[PDB]
């Protein structure tokens, strides 16, 4: 793979959003990945509606503000034949009935690809596909208060991921030989969290925080 990747510089990534007090991180991970793949297919970046997923993707297994899975969101988009734009179907941070309108659909997918559960495979997918939906163990005070640098949490689990986010690149700090490597990760807690709403997550430390345990992207 390339030594570093940052899909923001290629036009694939919308600004950081804020999910508010609703357990919809999975929907923000899913729209981020679908935004990237739609741009890859069309050359146009269009922010997509998390609310559409929160309200409408129950039949695929999602539970609105009580949690969900990015793969279930990609399955909804496939089953439904579409997903509305963020502009047409804005985010309210609470679960309501479905108001999908196919006239405002700006995305589609044909299913999804689950990446093999190791970081070399994840790197190859980030480098060759675009931004990748992942699940991480974010269940630590240290994650809430993250400011800068490469996030490494000694109590992180590679099995108990609880938070959906989006890998938009990877790279290294310091001298390359120091192996000070990170994943560049877009969160959905607004730009006041973290580094402008981003976190650099420990990379190539045997799947730290489970970042490679449940990674996928939609097929467009």
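Residue numbers count along the first chain shown, from 1.
- In this entry, 110 to 118 has the higher mean Cα B-factor, the comparison being between 131 to 139 and 110 to 118.
- A summary of the deposited B-factors shows that, of 168 to 176 and 61 to 69, the stretch with the larger mean C-alpha value is 168 to 176.
- Sort the chain's modelled residues by C-alpha temperature factor and residue 161 lands in the highest third, per the entry.
- Residue 153: CA B factor lies in the middle third for its chain, per the PDB record.
- Per-chain ranking of the deposited C-alpha B factor places residue 49 in the lowest third.
- The PDB entry assigns residue 55 a C-alpha temperature factor belonging to the middle third of its chain's modelled residues.
- Split the chain's modelled residues into thirds by C-alpha temperature factor. Residue 209 is in the middle one.
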